[PDB]
Ligand SMILES: CCCCCCCCCCCCCCCC(=O)O
Ligand SMILES: CCCCCCCCCCCCCCCC(=O)O
């Protein structure tokens, strides 16, 4: 007997644990997988580090003030200079990958606020 | 469907009920029982009141201030003057018993503090002087608090006991005192701590008046804190309940 | 007269030999064992228990109960360092005096994992997140939260369950490590940063403490019995 | 020449040891035992007997 | 006391003898062997290999 | 009446032993006694605590 | 031709012994001979005296 | 529990041995271990080279 | 033998092995495979050298004393106690109650003392070691009738052979030796406080059977204890403060540990 | 046992056992019967004395030191290392990695030193040898409390008996001893370069338990290593240049071999 | 091995184990269970060290002389 | 084992000074008993079951309070006497001593 | 083990001479630390965790750069000082020494 508010995620040598959370949204009902042999086009063999890239990278924090409009990040551009994920994409010509976005904002009972977290594909600006 | 945070203990004509608690520690995995026929040595028959002693006795409370080092109690010496438990041990020569220690400290969400509750068997304590030994009525206290003291006790020709909290009066690290059965009271979560201790000794029965089996210690690792306005007087209360107690060698009263 | 021949190593005394010897008290009746609770059969049952770690052993804190406490507070920033210390269970000032560390001081080699439990000791209204990280040797101590993330880390979220466990695994080239300070068999570094910031409401204390307990996993081992460097006897007491 | 090795505790005399020793009078014929009454096999048969106690051991 | 007798050659040290001796570190757990390539079991495997011969070892 | 036991070897032999005294406190030490039970010191609680489930629910 | 006997142990092991002389007064002492009979010194009467009954009726 | 093995004799006898310690690093050396395999140092190639055939054809 | 590490993979679930409560004693039984991805690794390491028998069963000097063959100090005496030294005492004080057989070894060495006598051609010295049980007669002098050792166990040694070793059975009226005692011997609770009350191990006497020369000679005896067949109960924390006396646990308060420079300092 | 020679006869064929390519490592596996006529000869020669065990398993002195019974130098110390001597080191440096149990033997001899004291009638000397593991306390003086040897293994010897011998198990954190190491202990690559980085064998201490006389006496101890149960990997060429230091492979360039008179000279 | 103590209870009867005659040598063979209530106690104590062999078989100096 | 070996006693002048040296004989200790009082050189001596009365100033002033039972205390008088008194009790197997500091 | 035991340092006059003696303590070596600087007769001495300032010409000129960590170097000044300096570091189990030649 446990509480659905508690969740743990383990990827690579990294873990995150939540005491209060809502749920996990799984995109369009699809869990990310590898490229099949009937959908591929490139002939040469792919590399798959499998552990040195697929872990958790923590970006710089941002202060939420009383008059902040909002923030945006490009997921491919954000991890360009971080760890071995950046190095692999630098040397290679073609890269295919999926992601997860854990956003953490903790406040006391007295504090009141609302934040919308959405992922936009082809978010041309 | 209930919550594991709620517990009730019934002994004799007494009960305790907790709304918030951690768990129950059961000593060294042993639940206290009576003396078998292959482990006994005394011939004459034991007495077993079974109800008039094995109940809950509530000792005097102690104020937890912002600068309290800690407190210690001798479990055999503490219940010497309380109820029929004291009277039975007075008349008899040999006494064998087990105990439980329910320590209660309740504070609000705003209050923050940490308390360590540990039972130490054969907790021999040292004297301030290196040549002499601690006097009685200085180490022992009847229903009394017997608090510790940050910083060393002065060295002179006096049977004073060394009360340093960091050495704990035994000359060992205060942190490593987790080797004995211990429970932590965290004001933000745990409100009380329950520990069950089986009889532990190198002999089957022992004279309760001249020997102490265990020493209960309550030490605030993290101090008590709050903001102006909240309640300042925050007390700690201790209840002890002898379990499976038996006595032998009835004679004239005294010690 | 059976003809025999004495080999080298006769009539010598060995501090560690296993021979039989004639009893000086023949036909002695020992007392029948009674069941005393809590029997120790191995020293690796004393080491698998938690022990408070003096992380703040700075200045005169060692002469106070303040050494055990790790001070956390509310600051106008993020990614600041809470604490950090090397992974030397027998030699580091931080672990030399804990149960497991004291046991290691009687051995030359040690090999296994290490559990580090952290308990939050603030108000029940205060909330926050911490990043606990372990970095393998090769490049120096991480100086930023970003450098620390690249190593083994766990993001701890304070809630109903106050404690958290970072399990430092066995990453070594050799099979065993040296209890004594050595450079070939180096340990690593263990650091703690602010994943977010401590959030406190009004009329509550914004300066909290954490406590750290250290123990061994189910795969710990030790070797080469030696003499502890801690005890010193001037003369027969 | 069987190779052996001497352990500590050799060539010592123990007031309470149990070893064999070469008899100095070989092939000696001892006298045949006769049944004498009242044989003691343990010292706790001498102790289970009553003995007058000097309680008034005062002065002369 | 088993009667024995010491033969010549006792209490001597031989640079090339084969005896047992009491271990100074009792119940020691050695590291499990790993397979390292190229194990030598005899010195006549080092000798069956070719080696360049200095035939013109004249003067400097 | 001799006892044959196993020698302490590495991983990845038998030896013989006879008792020459009648005292049982003259024998050699018992070095090969590998038995552990840390469930007394560690996990000394009444209600069993599963690892995956929460501690206090 | 060796004799195997029991060692003296506590309550709540075997040992081996061989005789190397031909004299029977060279052997070791007989320490394990536990036989008592105090009915000679204590209770040395002719008519048996039961415990519960009176001595002289 | 004794082991009987063969002695080193000329060409063109058995001996007895017992282990008296419980350590496995106390026994005598292993002198009679006659096993060779020079196919590692000599002939360390991938494609096997027969003697009679040419080396490089 | 130690447990082998298993292999786990990526996980997204409600299970929380890491998050727990240290308020309860319950030492978390988590393994690395719960907070990261691990590979399968067989572990052939064995928990053998850490057993209490291998820990305690090694000889350790507990007391060394002198005597002469002329003058005033002609024999030596020492009540049996393992608290004279620090190394053996600290190791034994990891536990509250211990129960073990004891193997005793002695090392006796003589030394010719400075004098002015001439023509000193000494003979081999023989030494006698005698034990007196709690209550036995004690020798007033070096030629007392006590040395007849009718019942007391004794040992004679001629200088030059292997040291003398004897084995002693568990001697106690209790069911275990007590390293720590919290209480008094007298009921009135006014007297000796501590383990001293329980201890009763008798006295040991050593001396020269013969003079052996006309010049002075001083002999020294060192005693070595080895615990065999060990049993131990209720473990307790190791001694931080240095020892002061042999009868009690009197100590001087000292720092919990050594100090560094900062809280983020790596040295 | 060695292979027996077979018998061949006259041959005229296309087979070419002799002609081959030494560009490939392939050491030609030709036998005399391929380039001449041979007779059948049974060979009872056995390849027994050439095995690594028979090669390495022989005692060999590695270090001898002195101490006194009076004055300043009262005890001796030596970090365990087989590179002190040349004969044992050269034989061990035929291989890169070795793994063997060690048998230790000591030879202790005393000598009465010149002085002017009178009436010197000495007693038998007893010597104590003590081992300190990498991290153990080391004795500051000759009467230090370190010699209590509670856990350190030690040995006592009375002058006149067979030498003292003990057996040591493979002690290493690795899987094989390394005779040669190419690298550094520090990652920054600026410090000690060589095997010295890997070595960690502890220290050995020897001393007189008693003085034994009024005149000076100097004792000397010689240490003897015997490798048992040997395993060896990856052979390497024997040392040509003479050794210079014990920590490194520093050498002085020397001639590949000795010189003769001509290229056709037979001497 | 020594005898084990048994368990008795309250008794009101004509039996008189305590009352006896010491005029006769008859050493009273009474046990504590006859004059009080006792509990059952197994006794593993053994009468071994008291035998005449263990009592007398120890070396003892009888005479020392010079020449 | 003499209780409170380190002790300081403050007694006013004109009042008899009471010095207590109570001891507990060890079971191991079974030898002739000797009790000696030192003033820092002796004031009184008990040996072979005999009491001897050593110090000219304290002659006729120092006497025992009880010795065989286990109490070897003295009661001094006519204080003027500032000094340290060491009570040394001797048993053949073991020995103990207590030092008392007297002011005025 | 002191790195570069044989070393030669050429320093111009009027420039402080920097002499470096960095060492790596052995795991076997666990004893009291002593650092001694010889001029070929001492300029400075570090012993029992105490620094002593020996040479009249170099008095008030020789001082350590850092010792406990593992660096025992000195920084001399007012060169005129041509000589050989031997840095000898002592641990109870093992000892090491480095000699530096200074020109002008
Ligand atoms: C010549 C004969 C000598 C025999 C001497 C026997 C002395 C035995 C002493 C045993 C002491 C054991 C003390 C253990 C105390 C403890 O473990 O706390
Ligand atoms: C009195 C006890 C003495 C015990 C001393 C044990 C010391 C063991 C030293 C082993 C050294 C082995 C070094 C091998 C190095 C190599 O093969 O390259």
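These residue numbers are counts, starting from 1, taken along the chain as shown.
Going by what the header records, the deposited coordinates were determined by electron microscopy, 2.8 Å.
Quick reminder: no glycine exception, Cβ is built from N, Cα and C everywhere.
Residues or ranges marked as disulfide bond by Swiss-Prot: M:21-M:87. Marked as N-linked glycosylation site by Swiss-Prot: M:75.
Features as recorded by Swiss-Prot, highlighted on the structure.
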residue	record	DSSP (3 states)
M:21	disulfide bond	coil
M:75	N-linked glycosylation site	strand
M:87	disulfide bond	strand
All-chain count of other Cβ atoms within 10 Å of residue M:75 (N-linked glycosylation site): 14
Inter-residue C-alpha distance, residue M:21 (disulfide bond) and residue M:75 (N-linked glycosylation site) (nearest angstrom): 11
Between the residue listed as 'N-linked glycosylation site' and residue M:87 (disulfide bond), the C-alpha gap once rounded to whole angstrom: 13
For residue M:87 (disulfide bond), the number of other Cβ atoms found within 10 Å of its own Cβ: 24
